[PDB]
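With ideal geometry, Cβ positions are generated from the backbone for all residues, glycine too; neighbour counts draw on all protein chains shown. Bear in mind these aren't lab numbers, they're just calculated from the coordinates by the rules spelled out.
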Amino acid sequence: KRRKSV
Amino acid sequence: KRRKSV
Amino acid sequence: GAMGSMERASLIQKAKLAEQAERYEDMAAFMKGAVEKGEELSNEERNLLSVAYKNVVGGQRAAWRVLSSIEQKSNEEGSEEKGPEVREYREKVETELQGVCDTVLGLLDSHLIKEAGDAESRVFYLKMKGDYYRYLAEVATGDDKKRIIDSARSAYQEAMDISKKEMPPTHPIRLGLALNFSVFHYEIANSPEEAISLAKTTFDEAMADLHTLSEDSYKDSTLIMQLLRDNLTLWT
Amino acid sequence: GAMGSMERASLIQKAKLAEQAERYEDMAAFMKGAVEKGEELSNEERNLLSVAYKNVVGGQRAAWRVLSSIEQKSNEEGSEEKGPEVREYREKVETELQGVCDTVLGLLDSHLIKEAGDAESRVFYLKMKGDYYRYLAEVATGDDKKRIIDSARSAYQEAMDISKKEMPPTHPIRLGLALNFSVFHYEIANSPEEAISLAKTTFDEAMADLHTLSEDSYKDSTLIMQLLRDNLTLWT
Ligand SMILES: COC[C@H]1CC[C@@H]2/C1=C\[C@]1(C)C(=C(C(C)C)[C@@H]3CCO[C@@H]31)[C@@H](O[C@H]1O[C@@H]3COC(C)(C)O[C@H]3[C@H](O)[C@H]1O)[C@H](O)[C@@H]2C
Ligand SMILES: COC[C@H]1CC[C@@H]2/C1=C\[C@]1(C)C(=C(C(C)C)[C@@H]3CCO[C@@H]31)[C@@H](O[C@H]1O[C@@H]3COC(C)(C)O[C@H]3[C@H](O)[C@H]1O)[C@H](O)[C@@H]2C
Ligand SMILES: [Ca+2]
Ligand SMILES: [Ca+2]
Ligand SMILES: [Ca+2]
Ligand SMILES: [Ca+2]
Ligand SMILES: [Cl-]
Ligand SMILES: [Cl-]
Ligand SMILES: [Cl-]
Ligand SMILES: [Cl-]
Ligand SMILES: [Mg+2]
Ligand SMILES: [Mg+2]
Ligand SMILES: [Mg+2]
Ligand SMILES: [Mg+2]
């Protein structure tokens, strides 16, 4: 659902 | 596992 | 105080927003500001006050247990000497937890309990008093531990006496109080028999009064009855 | 600073304990104290610094989004006038988030970046610089928004240029940098095409270099490659 960041 | 409190 | 210039209603509105944002430290500070306005709390506002602090202290307690367990392992035979850091940091977390407890106990003593005349407010605040003394007892290791313990016992016992006289056996506040007093017996007062008897009797008396309830009140009582059953299952 | 009297090694030991206790504000304060000792950070210590702040700002960002969404709903036609509280509290959370970003950016500018000579340290810090400017950009609405955005772009672009020259295409830091720069394109710079091209090309170049890796390095790279694939799936 929410885009991924790291 | 851990007993319940409220 | 810090919240001295904010309107009571605005503090309450903000406490509800901080709950939605899961910002429980903020929630608790707004509620402390609302209490310090000097007026009695409504049912909803007592519930907000209780949720705010229970969440804050609940995070501190979980942290303390992680650190206490590390500290104990380092004190076991054959463990390498790590120096003072784990004890220091556990003490730091412990001190902050104690300050939260002292703050709640402060609010209850100045002046929530003394103005609480209805059973539902008075039992609710006394349960909170027993809870915060119980959190103090969890970390207590010195000459005051017995007195902290019996302050928890005495607050819980006054709440039990009022709730038995004035509330139905299915009331959520009565049920939550018994659940926590029963944990106090099990975990703090080293009385697992008393803990079990209290949870059993509370559960059975609630069962027998369910018939009197609407479907919405049924839902509220059985939820906490389930937590009593969970502990009986764990303990027996 | 506040951590001026504590040994560097003790600060590091305590940061690791605070991580285990999930006490990320404490973790971050211990790491800020360690950075302020003036010595360069090791690989492990950079990772601790990054985890501490990412967790702290990540909780503030989630809270800000909850509050921003409430605030927008209250500004919709037919919504009842709630007064200034939601805006005030969103501003409070926003200001604290901005102070965290400014603190990290402060550490990077004084003096982590300037002493970072190896690619793995320099790219790591530049990625953090782009990330914290990007968090500033998420909340920016005034005359400085374009400059905040292009400070994020410029830091990410310098990190990309070094990582392309000096790191293999599967390096976790190279991969995490591309993933975040690609999110910046999508979400901040309104360039979803650039976001998609970057995620695709980064993924494909990593695939083609997997063969060179041990099984443990394989595991580390494919983990982040999966996050690139997740975004491509969401975006296409
Ligand atoms: C001082 O000790 C307070 C405890 C004793 C048992 C529980 C009390 C806690 C709260 C406020 C309430 C309960 C549940 C059982 C509803 C939660 C359990 C722990 O915290 C809350 C009280 O419930 C009240 O507050 C809830 C807030 O959250 C929602 C879910 C929105 O739903 C609300 C309920 O509709 C409302 O009845 C429940 O009546 C009693 C007072
Ligand atoms: C400035 O941006 C930092 C990001 C860019 C991608 C990722 C970085 C983050 C950390 C430190 C690491 C990764 C994972 C992919 C291992 C996590 C993802 C987000 O936070 C951590 C870096 O991983 C390192 O730290 C981990 C800490 O947690 C454990 C799990 C114990 O395992 C550790 C790994 O074994 C170690 O290699 C990973 O190499 C790179 C540096
Ligand atoms: Ca009654
Ligand atoms: Ca209920
Ligand atoms: Ca290289
Ligand atoms: Ca990994
Ligand atoms: Cl400490
Ligand atoms: Cl059992
Ligand atoms: Cl505010
Ligand atoms: Cl898709
Ligand atoms: Mg007023
Ligand atoms: Mg009264
Ligand atoms: Mg020294
Ligand atoms: Mg150097």
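Return the tail of the calculated pair distribution for the stretch C:83-130, meaning the percent of Cα-Cα pairs more than 13 Å apart. Roughly 62 percent, rounded to a whole number.
Residues in the stretch C:16-30 carry Karplus couplings, in order, of 5, 4, 5, 4, 4, 8, 6, 10, 6, 4, 4, 3, 5, 5, 5 Hz; the curve used is 6.51 cos²θ - 1.76 cosθ + 1.60 with θ = phi - 60°, and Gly or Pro positions show x. The order of D:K16, B:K1, going from fewest to most other C-beta atoms within 10 Å of their C-beta, is B:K1, D:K16. With a cut-off of 16 Å on the backbone N, the residues of the stretch C:50-81 near the modelled label site 7 Å out from D:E44 along Cα-Cβ are C:80-81. Close amide H partners of D:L41, meaning residues 5 or more places away or on another chain with modelled amide H under 5 Å apart, do not exist here. In this structure, the amide hydrogen of B:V6, modeled 1.01 Å from its nitrogen in the peptide plane, lies closer than 5 angstrom to those of C:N180, counting only residues at least 5 positions away or on a different chain.
Across the stretch D:193-199, coupling constants 3J(HN,Hα) worked out from phi with the 6.51/-1.76/1.60 Karplus curve, θ = phi - 60°, read 4, 4, 4, 5, 4, 5, 4 Hz, and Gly and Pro carry x. Only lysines eight or more places from C:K219 in sequence, or on another chain, were considered; those with a Cα closer than 26 Å are B:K1, B:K4, C:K16, C:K54, C:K127, C:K164, C:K165, C:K200. Each of C:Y89, C:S74, C:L17 was scored by the projection of its Cα onto the charge dipole of chain C, and the greatest displacement toward the positive side belongs to C:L17; charges sit on the C-beta of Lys, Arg, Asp and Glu. Label-point distances for D:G38 to the equivalent site in the other copies, using a point 7 angstrom along Cα→C-beta, read 5.4 nm when ranked shortest first. Using C-alpha pairs below 8 Å separated by at least 6 residues, the relative contact order for chain D is 12 percent. Mean partner shielding of peptide D:10-18, defined as the number of other chain Cβ atoms within 10 Å of each residue Cβ, is 4. Counting neighbouring beta carbons within 10 Å and listing from fewest to most, the residues C:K145, C:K165 come out as C:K165, C:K145. Where only DSSP H runs of four or more residues are counted, chain C gives -25000 deg cm²/dmol as its mean residue ellipticity at 222 nm, each run worth -39500 (n - 2.57). Between copies, the label points at D:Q226 (set 7 angstrom from Cα along Cα-to-Cβ) are spaced 3.1 nm, reported in nanometres from shortest to longest. Fewest-first ordering of D:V66, C:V35 by other beta carbons within 10 Å of each residue's beta carbon gives D:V66, C:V35. Please give the Cα centre distance for the stretch D:1-53 versus the stretch C:10-31, rounded to the nearest Å. So the two Cα centres are separated by 29 Å. Globularity index of the protein assembly as shown is 1.15 (Cα radius of gyration / 2.2 N^0.38 Å, N = number of residues). Placing a label point 7 Å from Cα along the Cα-to-Cβ direction at D:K165 gives distances to the equivalent points in the other copies of 8.3 nm, listed shortest first. Between the alpha-carbon centres of the stretch D:93-107 and the stretch D:183-227 there is a gap of 28 Å. Chain D residue nearest the axis that carries D onto C, by Cβ, with distance in whole Å, is D:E25, 5. For chain C, what percent of Cα pairs sit more than 21 Å apart? Tail of the P(r) past 21 Å holds 62 percent of the pairs. The phi-based Karplus calculation (6.51 cos²θ - 1.76 cosθ + 1.60; θ = phi - 60°) puts the 3J(HN,Hα) values of the stretch C:170-186 at 8, 4, x, 5, 4, 5, x, 4, 5, 4, 6, 5, 5, 4, 4, 4, 5 Hz, whole numbers, x for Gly and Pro.
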